[PDB]
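Number of protein chains: 2
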Amino acid sequence: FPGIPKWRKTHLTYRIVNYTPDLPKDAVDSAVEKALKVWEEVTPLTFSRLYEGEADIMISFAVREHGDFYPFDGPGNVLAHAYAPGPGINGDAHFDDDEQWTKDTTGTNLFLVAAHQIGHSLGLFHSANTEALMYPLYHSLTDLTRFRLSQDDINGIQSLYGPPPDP
Amino acid sequence: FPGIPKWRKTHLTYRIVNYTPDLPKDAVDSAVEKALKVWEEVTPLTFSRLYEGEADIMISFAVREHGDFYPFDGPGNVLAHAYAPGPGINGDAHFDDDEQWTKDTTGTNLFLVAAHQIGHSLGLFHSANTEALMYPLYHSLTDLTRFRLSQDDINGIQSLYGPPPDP
Ligand SMILES: COC(=O)[C@@H](NC(=O)CNC(=O)[C@H](CS)NCc1ccc(-c2ccccc2)cc1)C(C)C
Ligand SMILES: COC(=O)[C@@H](NC(=O)CNC(=O)[C@H](CS)NCc1ccc(-c2ccccc2)cc1)C(C)C
Ligand SMILES: [Ca+2]
Ligand SMILES: [Ca+2]
Ligand SMILES: [Ca+2]
Ligand SMILES: [Ca+2]
Ligand SMILES: [Ca+2]
Ligand SMILES: [Ca+2]
Ligand SMILES: [Zn+2]
Ligand SMILES: [Zn+2]
Ligand SMILES: [Zn+2]
Ligand SMILES: [Zn+2]
Numbered sequence: 086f087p088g089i090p091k092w093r094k095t096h097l098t099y100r101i102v103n104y105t106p107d108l109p110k111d112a113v114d115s116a117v118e119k120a121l122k123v124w125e126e127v128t129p130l131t132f133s134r135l136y137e138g139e140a141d142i143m144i145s146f147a148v149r150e151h152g153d154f155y156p157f158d159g160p161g162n163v164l165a166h167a168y169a170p171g172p173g174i175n176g177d178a179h180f181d182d183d184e185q186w187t188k189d190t191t192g193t194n195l196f197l198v199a200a201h202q203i204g205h206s207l208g209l210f211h212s213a214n215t216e217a218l219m220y221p222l223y224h225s226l227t228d229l230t231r232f233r234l235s236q237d238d239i240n241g242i243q244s245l246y247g248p249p250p251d252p
Numbered sequence: 086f087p088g089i090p091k092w093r094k095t096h097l098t099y100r101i102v103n104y105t106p107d108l109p110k111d112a113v114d115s116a117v118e119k120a121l122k123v124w125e126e127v128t129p130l131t132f133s134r135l136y137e138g139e140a141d142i143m144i145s146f147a148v149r150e151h152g153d154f155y156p157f158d159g160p161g162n163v164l165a166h167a168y169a170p171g172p173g174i175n176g177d178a179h180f181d182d183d184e185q186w187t188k189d190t191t192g193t194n195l196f197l198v199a200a201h202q203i204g205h206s207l208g209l210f211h212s213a214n215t216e217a218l219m220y221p222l223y224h225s226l227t228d229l230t231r232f233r234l235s236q237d238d239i240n241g242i243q244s245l246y247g248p249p250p251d252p
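Chain order of the listed sequences is B and A.
Count along the first sequence starting at 1, add 85, and that's the number in the authors' numbering.
Count along the second sequence starting at 1, add 85, and that's the number in the authors' numbering.
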């Protein structure tokens, strides 16, 4: 499609419109926070929070129909979805609350999905690499700590904003 | 990113918002109806034009910044672009008037481009295959009234809507 969806800006906001039941809000703010950070660490993109008003990336929690062309389908199949850079609905990320969000590995871990969604919200498509973050099918890490941006994710995203240096 | 990006209804609507100085208005209307037919003949879908109100596929001619994340670039480079099915901007098609739209093949034939574009509006993607309607690089083609779909495009479209009811 004519033009790689990418922020022509470097300083981006987000607004966590609401929170899931499955976790303590402070657990959700973190996930959302580290997830943003994995992209801050490998590029010059910087992100600020909004507690009102339309933000680039509006994060939220939904179920079934919820305002956009892609309803959720209950437990399983789709876990979330995000939209590439642009005005309005673009940049956004929605998580299906019919999935169980976790800080750990009990099932669907928020940090991990969130982190993949921001890839999309930044301009990343899926990768065909079994080890990468933008791979289309979710996979859980017995140990959250050994978590890293496969160098497949890093280039991909850098090919869009470049290395950290601050552009 | 995730989720089958097709219209869920077969009866899609469309509107020509405005025209190009380049060619008579009936030219443009006709290049557009054929564009639509190129896809009627190979699927179930049906189109009906509107002369007011918001339509699925909003068709218009523009230049440079014109209401979306992707302003046009002047003569050459990009000629048009269109959006997958869904709400608002989704489904619309836009034509860079910095280009010179022609009935024949002296310049950039409205029909061929319109044909490619509707395809996007319908959910199709660009091609790797080189003899198809979706290959990213445009090319003039005489005889027009005897235009045909490649199998790639054919396979592209039916993967989404199937064969025309039509036995
Ligand atoms: C519980 O998982 C599921 O039921 C099913 N769904 C998915 O994974 C669907 N994919 C989706 O719902 C979306 C499309 S944007 N991707 C979310 C997602 C989130 C995280 C990772 C991930 C990748 C590598 C390491 C760690 C995590 C991968 C994908 C199936 C895999 C069976
Ligand atoms: C370098 O490519 C080019 O020369 C041309 N530029 C492009 O093609 C760039 N493309 C674009 O703006 C859009 C992307 S959405 N491509 C529209 C398009 C329309 C019709 C066909 C086509 C294919 C096969 C047979 C007949 C026609 C192919 C592409 C023109 C500037 C002359
Ligand atoms: Ca947004
Ligand atoms: Ca689901
Ligand atoms: Ca839940
Ligand atoms: Ca142009
Ligand atoms: Ca539309
Ligand atoms: Ca023109
Ligand atoms: Zn959604
Ligand atoms: Zn994804
Ligand atoms: Zn446009
Ligand atoms: Zn195209």
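Virtual Cβ for every residue (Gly too), placed ideally from N, Cα, C.
task: Measure the C-alpha to C-alpha separation of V148/B and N175/B and round it to an integer number of angstroms.
output: Rounded to the nearest angstrom, the gap between the Cα atoms of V148/B and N175/B is 19 angstroms.
Leaving aside the five residues before and after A120/B along the sequence, list all residues of the same chain whose C-beta is less than 7 angstroms from its C-beta, in chain order. Closer than 7 angstroms at the Cβ level, and outside the excluded window around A120/B, lie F196, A199, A200, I203.
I101/B: buried (16+ other C-beta within 10 angstroms of its C-beta) or exposed?
Buried.
If you measure from the beta carbon of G241/A to each beta carbon in chain B, is any gap under 8 angstroms? Not one chain B Cβ lies under 8 angstroms of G241/A.
Self-check item: Continuous alpha helix (DSSP H) stretch holding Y246/A: start and end
Solution: Run containing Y246/A: 236-246, per the alpha helix (DSSP H) assignment.
Inset, instruction - Closer than 9 angstroms by beta-carbon distance: list the chain B residues that pair up with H166/A, in chain order. - result: What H166/A touches in chain B: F86, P87, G88.
request  = Could you check what DSSP says for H205/A in three-state terms: helix, strand or coil?
outcome  = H205/A falls in the helix class under three-state DSSP.
Does the region 123-132 of chain B touch the region 237-252 of chain B, meaning 3 or more C-beta pairs lie closer than 8 angstroms?
-> Taking 8 angstroms as the limit for Cβ pairs, the verdict is that the region 123-132 of chain B does touch the region 237-252 of chain B.
Checklist entry - In terms of residue numbering, what span does the alpha helix (DSSP H) encompassing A112/A cover? => result Judged by DSSP secondary structure, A112/A falls within the alpha helix (DSSP H) whose first and last residues are 110-125.
Note to self: Between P160/A and chain B, is the shortest Cβ-Cβ distance under 8 angstroms, so that the two count as touching?
What the structure shows: Taking Cβ atoms only, chain B never reaches closer than 8 angstroms to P160/A, which makes this a no.
The region 180-195 of chain A contacting the region 150-170 of chain A, beta-carbon criterion three pairs below 8 angstroms:
Yes, the region 180-195 of chain A is in contact with the region 150-170 of chain A.
- Message: Less than 8 angstroms between the C-beta atoms of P170/A and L207/A, yes or no?
- Response: Yes, these two residues count as a Cβ contact at 8 angstroms.
Going straight from the alpha carbon of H151/A to that of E139/B, what length do you get? Computed Cα separation, rounded: 22 angstroms.
Between the region 126-147 of chain A and chain B, which residues of the former have CB atoms less than 8 angstroms from a CB of the latter, in chain order?
-> For the region 126-147 of chain A, which is checked against every Cβ of chain B, not one residue is closer than 8 angstroms.
Q: Counting only the same chain and skipping the five closest in sequence on each side, list residues whose C-beta sits under 6 angstroms from that of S133/A.
A: The residues are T98.
**Item:** Quiz: which residues have CB nearer than 7 angstroms to ligand 6 non-hydrogen atoms
**Value:** Here the list is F157/A, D158/A, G159/A, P160/A, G161/A, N162/A, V163/A, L164/A, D181/A, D183/A, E184/A.
Counting only beta-carbon separations shorter than 8 angstroms, does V198/A have a partner in chain B?
Using a Cβ-Cβ cut-off of 8 angstroms, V198/A does not count as an interface residue toward chain B, since no Cβ of chain B sits closer than that to its own.
Quick one: which unbroken beta strand (DSSP E) runs of 3-plus residues sit fully inside the region 125-160 of chain B? Chain order, please. You should have 131-134, 142-147.
Can you tell me the Cβ-Cβ gap for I142/A and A165/A, rounded? I've got them flagged as a contact below 8 angstroms. Contact flag wrong, Cβ pair sits at about 13 angstroms.
Do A167/B and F86/A count as a contact pair if the criterion is CB distance below 8 angstroms? For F86/A and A167/B, yes; Cβs fall inside 8 angstroms.
Open item on the list: Can you tell me whether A140/B sits near ligand 2, meaning its C-beta is under 7 angstroms from at least one heavy atom of the ligand?
Closed with: No, the beta carbon of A140/B sits no closer than 7 angstroms to any heavy atom of ligand 2.
*Using a C-beta cutoff of 8 angstroms, does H224/B count as contacting chain A?*
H224/B does not count as touching chain A.
Beta-ladder partner(s) of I101/A, from DSSP: DSSP lists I144/A as the beta-bridge partner residues of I101/A.
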